[PDB]
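Student: these chains are from a complex, not moved at all, and more is on the way:
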Amino acid sequence: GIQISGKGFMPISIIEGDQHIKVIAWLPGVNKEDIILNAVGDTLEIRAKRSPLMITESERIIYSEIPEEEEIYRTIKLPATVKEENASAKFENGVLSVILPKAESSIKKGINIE
Amino acid sequence: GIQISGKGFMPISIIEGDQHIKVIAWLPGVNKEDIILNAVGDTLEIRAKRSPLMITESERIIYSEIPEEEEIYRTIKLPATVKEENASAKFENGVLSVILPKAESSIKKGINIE
Amino acid sequence: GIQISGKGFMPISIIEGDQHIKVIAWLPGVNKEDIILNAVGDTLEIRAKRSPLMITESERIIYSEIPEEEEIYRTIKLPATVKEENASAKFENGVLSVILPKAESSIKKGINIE
Amino acid sequence: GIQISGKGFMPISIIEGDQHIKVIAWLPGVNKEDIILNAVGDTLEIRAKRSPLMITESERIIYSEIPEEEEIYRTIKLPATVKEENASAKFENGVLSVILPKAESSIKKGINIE
Amino acid sequence: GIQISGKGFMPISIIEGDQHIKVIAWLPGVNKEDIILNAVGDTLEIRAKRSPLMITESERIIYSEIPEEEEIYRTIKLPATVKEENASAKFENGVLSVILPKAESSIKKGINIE
Amino acid sequence: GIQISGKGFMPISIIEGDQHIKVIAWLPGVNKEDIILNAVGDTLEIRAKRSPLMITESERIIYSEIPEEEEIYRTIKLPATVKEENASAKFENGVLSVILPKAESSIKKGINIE
Amino acid sequence: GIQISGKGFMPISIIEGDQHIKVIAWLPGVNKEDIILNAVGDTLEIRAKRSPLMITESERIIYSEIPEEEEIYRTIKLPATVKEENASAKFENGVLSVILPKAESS
Amino acid sequence: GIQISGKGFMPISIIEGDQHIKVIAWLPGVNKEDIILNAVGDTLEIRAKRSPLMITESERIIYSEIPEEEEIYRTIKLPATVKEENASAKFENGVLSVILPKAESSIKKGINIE
Amino acid sequence: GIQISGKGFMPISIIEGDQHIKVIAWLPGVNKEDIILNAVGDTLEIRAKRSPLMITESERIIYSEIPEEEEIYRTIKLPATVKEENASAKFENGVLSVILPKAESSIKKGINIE
Amino acid sequence: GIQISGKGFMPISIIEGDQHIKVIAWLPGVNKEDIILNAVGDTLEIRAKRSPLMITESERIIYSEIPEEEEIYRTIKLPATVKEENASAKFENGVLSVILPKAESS
Amino acid sequence: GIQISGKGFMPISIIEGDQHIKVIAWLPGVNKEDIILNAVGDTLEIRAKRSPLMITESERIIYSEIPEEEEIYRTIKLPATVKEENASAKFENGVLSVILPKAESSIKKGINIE
């Protein structure tokens, strides 16, 4: 079971590994400093901010599809415990990538048939 | 209660015994060596695949109701905890049968009064 | 074209060949000796029967997607005449395969191009 | 499969025997002389006609429901070839019964249970 | 004017004269003694039974349209009194005929035109 | 409401008489001999058949509106009994007038007002 | 049981007694002479009419709810035979009343 | 325009004159004591309090369509103004007549014609 | 046909024979002193006055489903004429049994042919 | 209100006094032998049956408002306790009358 | 818009003068006298009845579109009050003209701009 929520538009992808869990989050226009990272147990919290659609006074906006909200965040519920002390995060081109090593108790054991 | 999730076509029947939870599934055409079984606590994991139907270059398929995907997978939540070490499975005639001994019927009684 | 009719759940696939016609049928839960099978002319009838979902008095069914009926059958009208005397079939892992050698009239000849 | 064609009210019931075919038709108020019954190959012909109701000059109808058409026929295509020379029929109280021994070629061939 | 009701399928026509009243009924698949008739004054009830559409165990009704209920009857209202004790009836080929002499009191008298 | 029965174009009108009843009907083109007039109790019968619109062979009916049916009759149930022995009839210009003296028991009686 | 038929607007009410039958009817504006009453056996008949109104040349109708038809009648079947010779009728203020003694056999 | 309302049913008709004005309404079975002409006003006032339908203990109301309610009332909002001192009323045979001569203030004046 | 009507609660049962009519009626609380046996035509007239529920001055009725009205009657119309002179009555402790001779007629049947 | 229950057609009227309770029950067509009356505490039990609606093969039922059941009984509770040992009843005119004296505590 | 009312065919047009109001009414086929003209305040009334078309005994109206109703009248309100005491009207060739000088109060006052 997993649940995620937050404000604004933020494409996200999550991948599971036999020893870790990986997360990808699109954060265009956000610096690593503006990104706030908090992970513990089986949950993850991310908050971010960006400058608004500021323009020169003499200029005018004639077309806009980019969302203009500054503050954005996402809170994530993991399906199993992970070692936040051993997790790592990386930011690349308006995108954040995180690796979540699985907790020792969270790693299942193989079972045979007959 | 009981929950099921996964990929592909995999009918499943859940039967609860007084000493175990008996789970049945149909995997026609799957080789018995292609089946992978895993479980823990009160959750179950299933993996299986069947080789694709070979066809000669001159030959061609003219009608097919059978599903075409090779590998299928399911994850199930058991109604009660089971002992995986005592778990067993059987697969014959394209039908998978799984016996999951229940954790207890009237055990784990400790402290009692005072 | 081809017509199929009968009772019960029985996925079927048909494959065409220059010298024969190959057919695949799904019969999960049916014992290898429960399958009635023999072609005639350009048509075929198949009947099958599987054991019912027997449960011990200590066991009760809480959930079952799998159908319960035992006896099932399907009639088939082939698109070409075949030599049923030379027809062969095999049943493995709840799945039946059939080989139907064609007659001379159904052996298509090639044509030269310029 | 089977097909019926003709004009006039003529109830028909078709019953298939293992070695023959039995068909019943209603010809109420029809004299045996006004009945024509021919067949060949895999088809059956029914032509018959009933006299219209008579009335005396002093008399006059006051209410009627019976159909009045004098000429009626029905053509039925059998699902299998038959041996008309070996057929027979009976005609009781306006009800016609026939027996059509099946043609040897049309008789189903033996079937092997795997 | 007159009215009729009852169970079963039984089309009927009615004819009148200056001294008697006549009725016609269709009873396909009926026997001479399987009929009961009961009337008084200017009211009449037809009654009867027909055998069911029995078939042999080696025979199956691939097609039918004939109704099956055995007992069938009709209750009839007549426009004038008749001498039922003096009445008469016929039944051949599944068709039933009846003749009802008129009561003397109901005999209509002619009028001289000028 | 009184009852009207029969067929063929034959408009009617009826007049109540304190000591009789007067009936008017239209019989265009009907000879005085082809009229059958009977009655009893409280009902009247009119039977008559008009000759067809004869034409020589050379002629051809380029247009017509007159009804063509040759046999026509009407029957009416009067609202009171009549003494048919003292009925009288007249016929001029195709119009038929009939007078039916009322039965003595059928004669209405006036009531004094205070 | 009892039945009523006729044309026009003519409300009717009927009351039955052990030895007689009583009937009421509304006929506003109808002259006592216009009323015609007849009965026989176990049936009753009523016939009457109401004349339309006259006006000065100046008057032009602007509104009206009163029904227009003049001639009206009603016929009724009594629940039992009555002695019409012993019957009586009473009409007051556009309303009629009738007394219908029952026959001895009834 | 005009508007009328009140309980029960009470036919009324309004007709326009030039100098005088008259009104007629239906009031069947209404006692003269139910009518009062204290018409010091400029609109019509109507009521009726006829006696109810009384029966003897041995008498049963087998049929009744006349409304038995004792009280009804009516009054109309009228277009123009009329005098009251000259007002007069007359009731006959369940019908009421009223006279309401106009007032010079509301009497139309004929234009010099042509 | 038959019509049962009257005041008060009075169950009635009618049983018809070929030669007579048997009638059964419940008359609880009706005094036997009201024996007035007489009929006319094809109908029966009965009247009764069951005694009221007398109570002491200090007593009070707390619940009562028994009807309180004393006088009761019922008018029953038979489907056939019965000789009122031959009417008979019986008393069964609050139940009345009556036998009314009549005719049977209703003769038909006879030979089915000719 | 007091509690009532049972099966079959059996209208009952209940009357209460200062020192006794009087009960009236309809049992038309019931033989006194068929009546099984049992008073107890503050309630009365009535059990009864009659001859069922029966006809000869040559006779037919054409109209029957009377129900066809044979066995009928009723259970009737009372607002005050009554001494069943002193209970008595009378059955006349197809009606069962019962007298149930009270106790001094009610 | 202003109120228009009345019966009969009478096309009307209205012209508003600054000091008066002018009205035009079509009365084809009407004599000089049968026109009835009345007015009051700010409303106008017109009444007239035309002689119905005369036909000799030997003639017959084989085609017509002229309305036949004799009585025709109109009542029309005005947007202002007029001094009907000094109005004038004429009637030339079926068209009736009417002149209504406005009342002093009805005379609107002009407004100086700026």
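Tutor: Received it, and whenever you're ready, just let me know what you need. Residues are numbered from 1 along each chain as shown, chains lettered A, B, ... in the order given.
Student: in chain A, which residue is closest to the centre?
Tutor: Among the residues of chain A, residue A:25 comes closest to the average C-alpha position under Cα atoms, centre = their mean, at 4.2 Å.
Student: Now do the contacts for that residue.
Tutor: Residues near residue A:25 by Cβ atoms under 8 Å, 6 or more residues apart in numbering or on different chains: A:10-13, A:46, A:74, A:95-96, A:98. All C-beta spots, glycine's among them, are computed from the backbone N, C-alpha and C.
Student: try residue A:41
Tutor: Going by Cβ under 8 Å, 6+ apart, residue A:41 touches A:78, A:81-82, A:84.
Student: what's the spacing between it and residue A:105?
Tutor: Counting by Cβ to Cβ, to the nearest Å, the gap from residue A:41 to residue A:105 is 11 Å.
Student: overlap in contacts of the two?
Tutor: Listed as contacting both residue A:41 and residue A:105 by Cβ under 8 Å, 6+ apart are residue A:81.
Student: And the contacts of residue A:25, which is closest to residue K:3?
Tutor: Residue K:3 has its nearest neighbour among those in residue A:10, at 68.6 Å by Cβ to Cβ.
Student: Tell me, how many residues neighbour the residue nearest to residue A:1 when sequence neighbours are not counted?
Tutor: Leaving aside its sequence neighbours, residue A:1 sits nearest to residue A:79 (Cβ to Cβ, 6 or more residues apart in numbering or on different chains; 5.5 Å). By the measure other Cβ atoms under 10 Å in any protein chain shown, the count of residues near residue A:79 is 13.
Student: Residue A:79 contacts residue A:4, doesn't it?
Tutor: No. The criterion here is Cβ atoms under 8 Å, and residue A:79 misses it with residue A:4 at 11.7 Å.
Student: where's the closest residue to chain C within chain A relative to chain K, distance?
Tutor: Nearest to chain C, among the residues of chain A, is residue A:113, at 15.1 Å (Cβ to the nearest Cβ). For residue A:113, the distance to chain K (Cβ to the nearest Cβ, to the nearest Å) stands at 92 Å.
Student: how near is that residue to residue K:59?
Tutor: Distance, residue A:113 to residue K:59, using Cβ to Cβ: 114 Å.
Student: so what's the residue nearest to the centre of chain A bridging to?
Tutor: residue A:12, residue A:96 (DSSP bridges).
Student: Relative to residue A:72, how far out is it?
Tutor: Here the criterion is Cβ to Cβ. By it, residue A:25 lies 10 Å from residue A:72.
Student: what do these two both touch?
Tutor: With Cβ under 8 Å, 6+ apart as the test, residue A:25 and residue A:72 both reach residue A:10.
Student: The following sequence is to be added as chain L:
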Amino acid sequence: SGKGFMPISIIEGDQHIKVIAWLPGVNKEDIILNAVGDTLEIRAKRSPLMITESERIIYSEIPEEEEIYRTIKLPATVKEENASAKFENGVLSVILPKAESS
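Tutor: Okay, chain L now, added to the rest:
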């Protein structure tokens, strides 16, 4: 609690229970008051709407019926023998003494 058009209020006291009812247009004689145990019964009616003979009624929120009744039950037993009532300004008051409570 009754047919309708008869509002009632219940007020309880340590030694007595007070009830107030609105009966506008009701004569003092038409008021019928009864009490027993822990319940109160009130019934009343008003004078007819006297008017001129030939008038009509167009709109009336006043109830058309003559008799209006209300059934009330109280949380505590009261002595009906010592009950009293008042009727001023179209308001009906009643006093019903009771055993002392909280």
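Student: again for the contacts of residue A:41, chain L present now?
Tutor: Residues near residue A:41 by Cβ under 8 Å, 6+ apart: A:78, A:81-82, A:84.
Student: 7 Å instead, please
Tutor: residue A:81 (Cβ atoms under 7 Å, 6 or more residues apart in numbering or on different chains).
Student: Look up how far chain B lies from the nearest residue to residue A:53 once chain neighbours are set aside.
Tutor: Sequence neighbours aside, residue A:68 is the residue nearest to residue A:53 in space, at 4.6 Å (criterion: Cβ to Cβ, 6+ apart). Here the criterion is Cβ to the nearest Cβ. By it, residue A:68 lies 38 Å from chain B.
Student: wait, residue A:68 sits on residue A:55?
Tutor: No. Using Cβ atoms under 7 Å, residue A:68 is not in contact with residue A:55; the gap is 11.1 Å.
Student: Can you report how many residues neighbour the residue in chain A positioned nearest to chain D?
Tutor: Proximity of chain A to chain D (Cβ to the nearest Cβ) peaks at residue A:114, 26.4 Å away. Other residues within reach of residue A:114, judged by other Cβ under 10 Å, total 9.
Student: contacting residues for it?
Tutor: Going by Cβ under 7 Å, 6+ apart, residue A:114 touches B:88-89.
Student: so residue A:80 makes contact with residue A:19?
Tutor: No. Applying Cβ under 7 Å, one finds residue A:80 not in contact with residue A:19, separated by 11.7 Å.
Student: How much space separates the closest residue to residue A:75 other than its chain neighbours from chain I?
Tutor: Excluding the flanking residues, the one nearest residue A:75 by Cβ to Cβ, 6+ apart is residue A:45, at 5.0 Å. Computed with Cβ to the nearest Cβ, the distance linking residue A:45 and chain I is 73 Å.
Student: Thought residue A:84 was touching residue A:45, still the case?
Tutor: No. Residue A:45 lies out of contact with residue A:84 (Cβ under 7 Å); the separation is 10.8 Å.
Student: Between those two, tell me which one has more neighbours.
Tutor: Taking other Cβ under 10 Å, residue A:45 and residue A:84 do not tie; residue A:84 has more neighbours (17 against 14).
Student: how much space between the nearest residue to that one once chain neighbours are set aside and chain H?
Tutor: Using Cβ to Cβ, 6+ apart and skipping the chain neighbours, the partner closest in space to residue A:84 is residue A:39 (4.2 Å). Residue A:39 is 79 Å from chain H, where distance means Cβ to the nearest Cβ.
Student: and residue A:39, how many neighbours?
Tutor: When neighbours are counted by other Cβ under 10 Å, residue A:39 registers 20.
Student: Verify the contact between it and residue A:83 for me.
Tutor: No. With contact defined as Cβ under 7 Å, residue A:39 does not count as touching residue A:83 (9.4 Å).
Student: include chain M as well:
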Amino acid sequence: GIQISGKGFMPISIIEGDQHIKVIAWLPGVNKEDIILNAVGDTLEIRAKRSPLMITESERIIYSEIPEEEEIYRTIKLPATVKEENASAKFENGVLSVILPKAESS
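Tutor: One more chain to add, chain M, which I have set with the ones above:
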């Protein structure tokens, strides 16, 4: 018809006739001195206050269908113009009856 608006419990009935218009208003618990009445044109204004649900300190309200408002008024749209000078107000048994003579030419 007519429409009435305001606040508080005050059922109102209106009687219209060729002589005068009579208006009935329910004012339970109200004294005629508390009644304020004003009339103009074809509308009537009624304003008044009643005696509240007076209770002693030891008395507590447990069930009150009556509304607790003390101030009540209603505005009535009369069917026709009336003369305020000729109107008379009558108050009996908590009910305000007012006679409203109609205008000369209305």
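Student: Revisit the contacts of residue A:41 given that chain M is now included?
Tutor: residue A:81.
Student: Can you tell me how far it is from chain J?
Tutor: With distances taken as Cβ to the nearest Cβ, residue A:41 is found 63 Å from chain J.
Student: Give me the number of neighbouring residues for residue A:98.
Tutor: The number of residues packed near residue A:98 is 22, by other Cβ under 10 Å.
Student: list the contacts for it?
Tutor: Per Cβ under 7 Å, 6+ apart, neighbours of residue A:98: A:22-23, A:87, A:89.
Student: Now with 6 Å, please.
Tutor: A:23, A:89 (Cβ atoms under 6 Å, 6 or more residues apart in numbering or on different chains).
Student: Determine the number of other residues adjacent to the closest residue to chain J within chain A.
Tutor: Using Cβ to the nearest Cβ, the closest approach of chain A to chain J is made by residue A:1 at 54.5 Å. Residue A:1: 9 surrounding residues under other Cβ under 10 Å.
Student: same thing with residue A:55?
Tutor: Neighbour count of residue A:55, defined by other Cβ under 10 Å: 9.
Student: Excluding residues flanking it in the chain, which one is nearest it?
Tutor: Residue A:55 sits nearest to residue A:61 (Cβ to Cβ, 6+ apart), 6.0 Å away.
Student: so who does residue A:91 touch?
Tutor: residue A:32.
Student: If we use 10 Å, what do you get?
Tutor: A:25, A:27, A:30-33, A:35, A:37, A:97-98 (Cβ atoms under 10 Å, 6 or more residues apart in numbering or on different chains).
Student: go on, residue A:53?
Tutor: For residue A:53, the contacting residues are A:61, A:64, A:66-70, by Cβ under 10 Å, 6+ apart.
Student: same thing with residue A:20?
Tutor: A:82-83, A:86-88, A:98-102, A:107.
Student: Just the buried subset of the residues you listed, written out for PyMOL, thanks.
Tutor: Buried residues among the contacts of residue A:20 (16 or more other Cβ atoms under 10 Å in any protein chain shown), as a PyMOL selection:
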select buried, chain A and resi 82+87+98+99+100+101+102
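Student: one step back: most neighbours among the contacts of residue A:53, which one is it?
Tutor: Most neighbours among the contacts of residue A:53, by other Cβ under 10 Å: residue A:70, with 15 neighbours.
Student: Quick check: that one touching residue A:47?
Tutor: No. Residue A:70 is beyond contact range of residue A:47, at 11.5 Å (criterion: Cβ atoms under 10 Å).
Student: Please name the nearest non-neighbouring residue to residue A:107.
Tutor: Among residues not flanking residue A:107 along the chain, residue A:19 sits closest, at 6.9 Å (Cβ to Cβ, 6+ apart).
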